[PDB]
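Report on the following structure.
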Amino acid sequence: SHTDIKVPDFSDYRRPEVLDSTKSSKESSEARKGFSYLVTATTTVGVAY
Amino acid sequence: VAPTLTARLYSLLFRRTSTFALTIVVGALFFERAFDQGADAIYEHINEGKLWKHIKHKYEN
Amino acid sequence: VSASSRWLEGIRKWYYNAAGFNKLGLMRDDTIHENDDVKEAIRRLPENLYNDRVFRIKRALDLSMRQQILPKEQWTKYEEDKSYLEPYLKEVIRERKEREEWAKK
Amino acid sequence: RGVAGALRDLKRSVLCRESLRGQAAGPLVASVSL
Amino acid sequence: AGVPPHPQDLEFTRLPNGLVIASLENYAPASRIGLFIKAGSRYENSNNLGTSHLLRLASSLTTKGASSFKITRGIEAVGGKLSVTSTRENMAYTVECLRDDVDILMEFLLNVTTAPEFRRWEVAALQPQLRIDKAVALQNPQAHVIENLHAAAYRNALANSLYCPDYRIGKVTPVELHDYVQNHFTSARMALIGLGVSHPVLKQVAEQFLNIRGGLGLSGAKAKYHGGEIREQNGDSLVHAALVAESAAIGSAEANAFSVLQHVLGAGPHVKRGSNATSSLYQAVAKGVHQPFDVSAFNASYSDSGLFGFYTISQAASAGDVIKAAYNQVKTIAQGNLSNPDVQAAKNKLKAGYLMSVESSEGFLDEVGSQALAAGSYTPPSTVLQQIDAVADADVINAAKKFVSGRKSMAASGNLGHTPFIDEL
Amino acid sequence: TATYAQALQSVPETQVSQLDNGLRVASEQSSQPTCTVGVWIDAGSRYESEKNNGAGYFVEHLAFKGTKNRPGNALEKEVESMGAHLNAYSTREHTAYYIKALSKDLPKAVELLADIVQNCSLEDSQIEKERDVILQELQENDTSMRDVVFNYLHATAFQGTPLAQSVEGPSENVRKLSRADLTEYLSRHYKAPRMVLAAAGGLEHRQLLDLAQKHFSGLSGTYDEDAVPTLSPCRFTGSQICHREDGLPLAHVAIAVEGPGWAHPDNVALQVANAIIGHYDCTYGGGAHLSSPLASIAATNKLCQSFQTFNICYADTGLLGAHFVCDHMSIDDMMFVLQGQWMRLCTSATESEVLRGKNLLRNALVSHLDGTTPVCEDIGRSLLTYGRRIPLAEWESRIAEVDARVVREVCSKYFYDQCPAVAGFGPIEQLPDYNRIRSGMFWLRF
Amino acid sequence: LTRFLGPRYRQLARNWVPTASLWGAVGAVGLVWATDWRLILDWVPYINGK
Ligand SMILES: CCCCCCCCCCCCCC(=O)OC[C@H](COP(=O)(O)OCC[N+](C)(C)C)OC(=O)CCCCCCCCCCCCC
Ligand SMILES: CCCCCC(=O)OC[C@H](COP(=O)([O-])OCCN)OC(=O)CCCCC
Ligand SMILES: CCCCCC(=O)OC[C@H](COP(=O)([O-])OCCN)OC(=O)CCCCC
Numbered sequence: 001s002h003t004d005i006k007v008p009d010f011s012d013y014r015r016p017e018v019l020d021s022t023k024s025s026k027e028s029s030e031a032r033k034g035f036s037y038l039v040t041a042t043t044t045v046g047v048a049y
Numbered sequence: 001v002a003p004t005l006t007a008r009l010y011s012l013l014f015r016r017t018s019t020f021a022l023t024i025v026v027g028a029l030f031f032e033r034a035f036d037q038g039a040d041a042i043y044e045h046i047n048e049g050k051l052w053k054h055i056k057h058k059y060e061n
Numbered sequence: 006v007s008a009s010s011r012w013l014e015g016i017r018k019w020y021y022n023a024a025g026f027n028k029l030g031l032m033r034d035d036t037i038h039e040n041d042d043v044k045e046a047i048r049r050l051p052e053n054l055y056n057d058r059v060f061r062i063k064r065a066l067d068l069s070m071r072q073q074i075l076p077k078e079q080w081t082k083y084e085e086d087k088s089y090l091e092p093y094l095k096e097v098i099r100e101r102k103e104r105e106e107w108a109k110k
Numbered sequence: 020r021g022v023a024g025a026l027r044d045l046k047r048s049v050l051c052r053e054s055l056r057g058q059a060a061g063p064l065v066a067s068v069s070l
Numbered sequence: 015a016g017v018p019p020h021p022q023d024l025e026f027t028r029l030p031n032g033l034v035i036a037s038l039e040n041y042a043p044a045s046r047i048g049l050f051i052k053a054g055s056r057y058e059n060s061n062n063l064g065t066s067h068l069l070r071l072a073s074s075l076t077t078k079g080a081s082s083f084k085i086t087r088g089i090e091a092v093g094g095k096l097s098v099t100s101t102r103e104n105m106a107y108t109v110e111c112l113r114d115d116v117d118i119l120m121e122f123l124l125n126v127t128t129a130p131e132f133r134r135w136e137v138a139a140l141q142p143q144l145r146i147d148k149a150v151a152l153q154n155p156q157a158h159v160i161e162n163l164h165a166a167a168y169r170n171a172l173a174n175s176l177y178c179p180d181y182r183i184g185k186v187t188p189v190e191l192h193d194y195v196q197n198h199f200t201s202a203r204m205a206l207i208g209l210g211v212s213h214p215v216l217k218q219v220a221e222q223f224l225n226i227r228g229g230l231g232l233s234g235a236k237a238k239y240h241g242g243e244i245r246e247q248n249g250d251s252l253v254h255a256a257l258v259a260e261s262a263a264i265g266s267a268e269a270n271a272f273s274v275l276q277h278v279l280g281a282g283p284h285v286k287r288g289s290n291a292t293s294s295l296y297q298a299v300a301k302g303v304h305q306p307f308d309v310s311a312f313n314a315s316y317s318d319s320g321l322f323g324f325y326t327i328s329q330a331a332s333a334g335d336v337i338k339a340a341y342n343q344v345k346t347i348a349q350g351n352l353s354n355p356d357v358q359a360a361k362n363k364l365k366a367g368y369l370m371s372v373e374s375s376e377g378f379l380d381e382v383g384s385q386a387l388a389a390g391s392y393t394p395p396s397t398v399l400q401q402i403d404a405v406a407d408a409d410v411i412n413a414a415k416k417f418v419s420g421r422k423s424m425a426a427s428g429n430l431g432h433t434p435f436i437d438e439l
Numbered sequence: 001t002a003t004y005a006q007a008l009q010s011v012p013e014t015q016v017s018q019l020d021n022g023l024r025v026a027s028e029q030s031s032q033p034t035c036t037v038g039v040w041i042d043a044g045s046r047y048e049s050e051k052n053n054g055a056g057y058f059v060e061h062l063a064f065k066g067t068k069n070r071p072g073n074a075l076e077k078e079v080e081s082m083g084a085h086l087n088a089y090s091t092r093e094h095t096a097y098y099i100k101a102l103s104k105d106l107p108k109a110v111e112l113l114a115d116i117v118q119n120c121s122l123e124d125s126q127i128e129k130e131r132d133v134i135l136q137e138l139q140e141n142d143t144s145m146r147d148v149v150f151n152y153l154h155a156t157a158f159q160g161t162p163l164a165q166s167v168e169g170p171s172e173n174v175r176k177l178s179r180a181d182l183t184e185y186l187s188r189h190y191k192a193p194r195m196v197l198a199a200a201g202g203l204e205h206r207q208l209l210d211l212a213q214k215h216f217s218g219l220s221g222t223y224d225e226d227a228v229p230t231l232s233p234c235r236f237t238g239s240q241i242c243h244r245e246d247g248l249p250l251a252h253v254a255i256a257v258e259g260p261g262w263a264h265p266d267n268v269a270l271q272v273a274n275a276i277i278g279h280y281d282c283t284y285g286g287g288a289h290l291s292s293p294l295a296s297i298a299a300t301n302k303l304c305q306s307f308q309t310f311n312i313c314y315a316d317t318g319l320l321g322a323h324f325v326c327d328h329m330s331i332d333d334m335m336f337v338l339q340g341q342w343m344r345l346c347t348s349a350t351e352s353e354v355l356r357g358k359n360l361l362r363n364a365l366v367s368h369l370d371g372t373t374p375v376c377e378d379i380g381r382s383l384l385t386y387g388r389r390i391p392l393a394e395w396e397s398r399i400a401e402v403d404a405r406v407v408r409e410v411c412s413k414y415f416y417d418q419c420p421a422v423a424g425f426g427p428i429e430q431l432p433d434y435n436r437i438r439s440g441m442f443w444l445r446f
Numbered sequence: 002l003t004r005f006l007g008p009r010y011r012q013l014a015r016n017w018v019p020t021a022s023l024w025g026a027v028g029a030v031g032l033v034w035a036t037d038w039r040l041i042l043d044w045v046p047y048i049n050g051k
């Protein structure tokens, strides 16, 4: 009965590089992490200034 | 399939916290010069010839 | 064995009586500072030594509160001071040193 | 891992007749390890 | 060509002090060693029940040549293993590692078995493990049935549980462990078995470190069969039940007849999800029972006794019907209704099963180790199959006759509202 | 006497042949009177669509229930009467049917495997029987918290892909899977080039190849009319699934990152790392003195009933991580120590503990290939995954390369600053939030 | 006291050495930047000014 479970679709929230369920996510893992950590870096720059 | 700029920034700078922090402190140093340089340039271009920095040349002697 | 190592004991008996924990009916091992090694050694004591150690310490804290001592008849004689804890304590340390030698392999 | 054999956390339930074959004992053994 | 080399032969030796050594050089990448001792739970008495269980949990405790810390770290550094398996008759200290590290694990194995210290505090910290270890085992309803089955069958010795009785947890003393190893870990009671080791090494080890005298000679504390029944009312969904009678001691020819009779009736499934078409007991029960169940012949053979019968699992309401159907099917065999093709098929399963059980090193070492203790010899498989072939159909029938007419022992657990007593069969 | 290095040369190399139709026949000879032979197939749930998921598992129930030449229970009778044993299994990528039997019974055993694969009865009345059986097996699986939480891990980690599917399929598919669905699955996937006839025991490779050319010649040729199953890559998704159920006595957690795949040399170094963390449950003897810090701490402070690391491989992907079982107030502490060891191996692995992990893997590899059945399994599986048998002499070489620098580089590649997949089941109120879990995958000090 | 000198502890030292020397670059650069230390900041090209 727990095999009836299916995870719902998240395409409404996924980023562009991920919606292809037949394409590896590691191809975009560094660009996606880098974008979010670039936000943080420039934030601490302004707080530093 | 060359990784974009954001991916090459992560691999080289951000993955390690130390290098992530080093470029924050260096980013602060170079951001400070260009921000106060550019910002002051706007404040006075608005107020051109209105304050002492501009009329300093009249009363030199 | 000789007369020179016998006055060595005489000055250790002297220091013993001067240290004065025998005046509270206590033994040397009752006064060891409890660290992790000592707390383990005490944990390993059989019931009789543990209970004896508890009462001697309790009797001494009672005396210390009143700033009193026991009669000289009841002082711990240097000759009869059983180092009951050092066998257990020496094995605790021996085990710890073994771990420490493995930790740097 | 500890073992108990004899055939020659809520564990799991048995209901059908196919998953029940192999359960009836056939001499006990107790084993222990590191 | 891609062929294996000349397979070496097992070497075997009996020292005058009673110790037995058996070695085999299969040139394998790993080595396995075992010290098998006649020290199972039958050798406990009613003043020290559970001692052999706690002893079975204390292999990593401190010895004279190795701290508890060194045993655990020494073996793990090499990636080796140390295990302790117990029968009602034997304890088996097994050690496994790569053949370059046999020196290390042999030293640990000897310290465990020859030089345990059983320090008061280490023993004290270990007693809660009895409760955990027993609790895990009794998650199987089979475990408590078999334990109760032996307690109902025998007056002493084999009545003893592999697992410590609840009232003894915390009360097994370091003195009892000391006395137990002194009385039972003797040269006359031991066998040193090795795979991937040369015989001169094992013999050297045995002569130097395993010459222990005294204790107890191979006591004639004979197990006295009695019969009886134990009934555990609980809230399991199914009823487990076992019904047996005294059978034959291992090694004797009558025991081979019982082994063959087991595979005539049905020992276990050979095909996944099968109906067990060639299982006599299963088809007998399945005719008058169309609900889930299981049934299997049960065969247990010991140095001086044995139990044979069957084991049933069924819905609580179908308990008696499954029992009685199983019992009547055995009665049929005792009445001489047994074809010869059915015996040749059972001898096929038993012969095939035996060889399969000795494919691996662990199963091979266990058989050699238990052969050495029970028989004092090694019997190669070609001779085992010869002894199986020597079983006649009348021997199988007489074995079934001994069951029908013998005083019975029964153990059952579950909702026993429809589970018959012995006298109701 | 012989050394460990010398003993690894003394293993016979697996002889390999290929039939004219595509089937591959591989054997490792020994001096055993017994043996095991079986057919390994590139089939499983990953090849199935949502509409016919669970089909190959339906087939497993029917494979032994009848055939054209031996209808009904006639197949059970023949193997039981010669004392043989017959078994099968299905993973998400592989399907196997094998027999254990005497060496003299090899020719009959090969015949039966051929008759099972090719000529299957699949009577419509047996199907309706096996339908109610599978549904009961599903109710049984629901009570194995371990099997649930790993189906949950696959479901979230590979969401949107074939690998997310369970092997057994959903209850709805079981109730509507028709005989036409099953024969379509077989005709497509059970083709000679995607199968291996593996055997292990006392048997000459000549004999096995002769029987293959005899009983497996009728298989479909190399061409299949242009309809080949081509496994697409499967997206891994950093995600979390929590099934809260406080009525259960103990919580199950499984957490993993994406692994490389079958034929990637990184798996060796990853397995060494997993061996350092190791495994544990409450019945082990070592407890406080175990080498693994996770194990030692968990026994001392009683943080779990059991834990185990794992490296599940699939084609070009996998699940690398750990799973554990603990009281409801110990989940946070277990995850803290677990992640702390991943981080510690990424950044500061030492040479001594890597030698231990290497030796643990060496021991685990030799002792697993002990007996005719696990060798025959390694033969069959290794040809579907590597396309060849890797001798033990090679595995030892790929291990000795590993040193502390290798595990730090390999572990950081897969563990450090990566999005994990998480699956929880039971009283998991204290299961840390995913952002907290995600922040445990890096150290600010590094 | 000397528990921490052996094969494994010199390996840990050499593992964390590249990191600590970077946190010294964070602190040192952070000290220059915060206090406006002019003795260092003259040779770096762009910030020269004001
Ligand atoms: C004597 C002179 C010495 C001068 C020294 C100068 C040093 C300057 C700071 C450099 C330290 C950087 C440390 C660092 O970024 O980690 C702290 C967190 C981590 O961010 P997060 O993106 O979570 O993880 C990054 C993981 N990584 C490294 C593998 C990519 O980063 C963040 O999450 C921080 C972002 C929020 C900052 C705001 C906090 C201030 C309080 C509120 C301000 C407004 C109202 C008061
Ligand atoms: C001078 C530098 C001080 C650094 C403080 C710090 O990093 O705190 C932890 C978090 C981010 O780390 P994490 O929560 O991912 O945990 C990482 C686990 N490895 O950052 C914040 O959100 C805290 C906000 C502080 C405001 C006063
Ligand atoms: C610990 C608190 C430090 C306070 C220093 C201060 O107030 O600033 C003065 C100088 C200015 O740099 P300089 O090139 O004019 O040089 C002027 C020389 N007198 O900055 C420094 O030199 C920074 C030195 C920091 C050392 C700990």
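Protein chains in written order, with the authors' numbering: chain E, 1 to 49; chain J, 1 to 61; chain F, 6 to 110; chain I, 20 to 27, 44 to 61, 63 to 70; chain B, 15 to 439; chain A, 1 to 446; chain K, 2 to 51.
We put the beta carbon where it would ideally sit given N, CA and C, even for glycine.
Straight-line Cα distance separating residue j from residue i
i              : j              : result
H20 (chain B)  : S10 (chain A)  : 11 Å
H304 (chain B) : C51 (chain I)  : 12 Å
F83 (chain B)  : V406 (chain A) : 29 Å
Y10 (chain K)  : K109 (chain F) : 6 Å
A406 (chain B) : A271 (chain B) : 8 Å
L68 (chain B)  : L66 (chain F)  : 42 Å
Nearest neighbour of residue i, chosen from the options [CA to CA]
i              : options                        : result
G169 (chain A) : A:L153, A:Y57, A:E80           : A:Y57
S1 (chain E)   : A:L431, A:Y152, A:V257         : A:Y152
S328 (chain B) : B:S319, B:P130, B:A340         : B:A340
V272 (chain A) : A:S217, A:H289, A:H205, A:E401 : A:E401
DSSP state of residue i mapped onto helix, strand, coil
i                     : result
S310 (chain B)        : strand
residue 449 (chain A) : Past the boundaries of the shown model lies residue 449 (chain A); chain A is included only from 1 to 446, so the question cannot be answered.
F216 (chain A)        : coil
Where the beta strand (DSSP E) through residue i begins and ends
i              : result
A235 (chain B) : No beta strand (DSSP E) contains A235 (chain B), which DSSP labels as neither H nor E.
Practice item. With 8 Å as the C-beta to C-beta threshold (strictly closer), list the residues of the region 4-22 of chain K near chain A in chain order. Key: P8, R9, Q12, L13, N16, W17, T20
Members of the region 69-85 of chain F near chain B, C-beta cut-off 7 Å: none
*Under 7 Å (Cβ pairs) to chain J, residues found in the region 24-48 of chain K*: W24, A26, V27, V30, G31, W34, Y47, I48
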